[PDB]
Every structure is written in structure tokens, then in C-alpha cells.
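Residue numbers (the deposited numbering), protein chains in the order written: chain C, 149 to 198; chain B, 149 to 198.
Everything on this sheet refers to the single structure shown next.
Number of protein chains: 2
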Amino acid sequence: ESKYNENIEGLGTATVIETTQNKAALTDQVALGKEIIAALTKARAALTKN
Amino acid sequence: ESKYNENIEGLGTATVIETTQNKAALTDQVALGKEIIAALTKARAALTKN
Numbered sequence: 149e150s151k152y153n154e155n156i157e158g159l160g161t162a163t164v165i166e167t168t169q170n171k172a173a174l175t176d177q178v179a180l181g182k183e184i185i186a187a188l189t190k191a192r193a194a195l196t197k198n
Numbered sequence: 149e150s151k152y153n154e155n156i157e158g159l160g161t162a163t164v165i166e167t168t169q170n171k172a173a174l175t176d177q178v179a180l181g182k183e184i185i186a187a188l189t190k191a192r193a194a195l196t197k198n
């Protein structure tokens, strides 16, 4: 949804971007999962603001 | 505050900075994390003086 977020308060959903780029950049099966860990931690972060 | 520390003595309160670079120049869990730890022990010791 564009420009429309819940209520007036600023609770924003707002999924987070990722390290590096290029969904085909890795294919190493490792060096990815670590970024998934870091990701999940960021999820904890952006979740608890709400 | 500008100067103006309680009493006079030798005392002043610490603002613990960080090495490396700006908020936009790291953007990671690993690097930022390690830096945070370093800053934490830095401030830890900085407290136990005075």
C-alpha cells in the first residue's frame, strides 16, 4: 500500500532491505544464511518499535 | 551543556564517541555490533574513573 499506513501514529510495517544485492549474486548456500540471521535480528528490531 | 559541570574539581561527564565512520558508512550487524561492544567497554572503564 502506498502512502496509506495504520491510523495517524506512524506504526509502519516497513520490511527491511538486505545486504549486498543481486538475488543471483551468491548461490553459495553459505554467506547467505548469515545475512538471513542478521535479517531476522533486524526483524526483531523493527518489530519492537511497535 | 557548555562547560558548567557540578561542583568544580576535575570532574566532567563523558560522551563516548566511535571510530570508523558515519551511521550510513557501516550498515551491518557484525561490524556495528563489534564497534558497539568496543564502545561499551570503553565507556565501562570511563565510568569507573571518577
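Every residue, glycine too, gets a C-beta built ideally from N, C-alpha and C.
For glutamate 154(C), DSSP records a beta bridge to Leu159(C). Per DSSP, the continuous alpha helix (DSSP H) segment holding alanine 194(B) begins and ends at 178-196. Legend: CB atoms of the segment 171-193 of chain C lying less than 7 Å from CB atoms of chain B belong to residues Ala186 and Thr189. Only residues of its own chain outside the window of five on either side were considered, and among them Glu183 and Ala187 have a CB closer than 7 Å to the CB of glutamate 166(B), listed in chain order. Within the segment 149-168 of chain C, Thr167 place their CB atoms closer than 9 Å to a CB of chain B, listed in sequence order.
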